[PDB]
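Here the structure is laid out as structure tokens; the discussion comes afterwards.
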Amino acid sequence: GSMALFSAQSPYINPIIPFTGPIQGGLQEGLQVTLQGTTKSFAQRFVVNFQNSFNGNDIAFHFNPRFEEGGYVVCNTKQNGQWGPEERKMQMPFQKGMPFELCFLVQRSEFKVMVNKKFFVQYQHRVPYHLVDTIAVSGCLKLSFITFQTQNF
Amino acid sequence: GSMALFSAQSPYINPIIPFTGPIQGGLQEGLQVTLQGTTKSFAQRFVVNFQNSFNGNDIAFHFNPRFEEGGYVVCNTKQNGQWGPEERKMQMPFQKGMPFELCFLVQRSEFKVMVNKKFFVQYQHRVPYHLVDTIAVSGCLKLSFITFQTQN
Ligand SMILES: CC(=O)N[C@@H]1[C@@H](O)[C@H](O[C@@H]2O[C@H](CO)[C@H](O)[C@H](O)[C@H]2O)[C@@H](CO)O[C@H]1O
Ligand SMILES: CC(=O)N[C@@H]1[C@@H](O)[C@H](O[C@@H]2O[C@H](CO)[C@H](O)[C@H](O)[C@H]2O)[C@@H](CO)O[C@H]1O
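Keeping their order, the protein sequence lines are chains B and A.
When we follow the authors' numbering, the leftmost residue of the first sequence carries the number -1, and every step to the right adds one.
When we follow the authors' numbering, the leftmost residue of the second sequence carries the number -1, and every step to the right adds one.
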């Protein structure tokens, strides 16, 4: 790509869904988390959660495509079990049955989310990203890799 | 506020709604456009448009509170008369019948929107903001003023 990237931790390969796993050392500015997978042919919804610990009470960033009402994506944060105000992008960048690349870039003030190489949505951090130590993926997809890379030398 | 602010263009004081007027010289990085006003007691919707010319066909940033379905705000861009994909924040930071301060900060890659001095939404620039030379405000509100300020 347009930036030199270096491995952080090692990839999750054909991780079975639902998948929960560590983000080693926590999210860090300049980190890129890329999921490569396929939206299932009769997909209704799927979920990527960047969370603090395993119980899902505290999800810094919930990313939830919904193949409903024309197709839209919900982004939100859960704190002490409580969902905050949703940010809905009224567009569906995934296609049922089709492969996708979904990349999450951690910046100082926001996540930037690309789908198939194109900017899709920004999400302002509501809670500290460094406290996210877990990724959880569930729903109507399959995945061939999750990789973790950084631009930081 | 936490930083000294200086006028960039004189205010529009008590502008009559619907209001359309110049943003003299176009939007600039670092400009803050502040609307001080009151949401009407039975508001349905109101609109703040940052647009290129009087026409309305090209709206860089359409900011549209809707007192509908629990309350939500629509952000979008219009290009050649066509609406792009809506960004909806499913929260209503305005109260019907109540004063508000609504502040748009032009940053290099996004607008930042503050409501009553709290961050409300960000909106990534889809077209260069400097082509915006016109503000249009309409709907269920009144304004005491619109100011244009910079940290300058
Ligand atoms: C219109 C509206 O606000 N709808 C919401 C639902 O989106 C919400 O569903 C939950 O949403 C969260 C993220 O906010 C997460 O995706 C949950 O899986 C999902 O069930 C619902 C219940 O919280 O409230 C509705 O009214
Ligand atoms: C759920 C959905 O996508 N609904 C949209 C409406 O929001 C839209 O209404 C228009 O929205 C634009 C900004 O996007 C502007 O606020 C107009 O005043 C409003 O009429 C409608 C027509 O474009 O499409 C619906 O599908």
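Every residue gets a Cβ at the ideal spot worked out from N, C-alpha and C, and that includes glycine.
Checklist entry - Looking only at its own chain, which residues have a Cβ that is under 7 Å from the Cβ of B/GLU27, when we skip the five neighbours before and after it? => result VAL104, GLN105, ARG106
Next on the checklist: Between B/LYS87 and chain A, is the shortest Cβ-Cβ distance under 8 Å, so that the two count as touching?
Outcome noted: yes
Next on the checklist: Distance cutoff 8 Å, beta carbons only. Does A/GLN22 sit that close to anything in chain B?
Outcome noted: no
Item to check | Coarse secondary structure for B/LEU3, derived from DSSP in three states | outcome: coil
Item to check | Alpha-carbon spacing of B/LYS87 relative to A/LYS76, whole angstroms | outcome: 16 Å
Next on the checklist: I need the residues with a C-beta less than 6 Å from some heavy atom of ligand 2; please give them in chain order.
Outcome noted: B/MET88, A/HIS60, A/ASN62, A/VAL72, A/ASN74, A/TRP81, A/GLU84
Checklist entry - At a Cβ threshold of 8 Å, is B/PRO83 touching chain A? => result yes
Checklist entry - If you draw a straight line from the alpha carbon of B/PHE59 to that of A/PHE143, how long is it in whole angstroms? => result 37 Å
Item to check | 8 Å Cβ cutoff met for A/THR36 and A/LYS116 | outcome: no
Checklist entry - Going by C-alpha distance, which of A/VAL31, A/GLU84, A/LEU3, A/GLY(-1) is nearest A/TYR10? => result A/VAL31
Checklist entry - Using a Cβ-Cβ distance under 8 Å, would A/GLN120 count as near chain B? => result yes
Item to check | For A/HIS60, three-class secondary structure by DSSP | outcome: strand
Checklist entry - From the DSSP output, which residues share a beta bridge with A/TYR70? => result A/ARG64
Item to check | Check whether A/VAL130 and A/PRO16 have beta carbons under 8 Å apart | outcome: no
Next on the checklist: Counting C-beta neighbours from all protein chains within 10 Å, is the total for A/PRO20 16 or more, i.e. buried, or is it exposed?
Outcome noted: exposed
Item to check | Of the listed residues A/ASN12, A/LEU29, A/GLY137, A/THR145, nearest to A/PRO63 (C-alpha basis) | outcome: A/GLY137
Checklist entry - Taking buried to mean at least 16 other C-beta atoms within 10 Å of its own C-beta, is A/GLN22 buried or exposed? => result exposed
Next on the checklist: Less than 8 Å between the C-beta atoms of B/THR148 and B/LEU29, yes or no?
Outcome noted: yes
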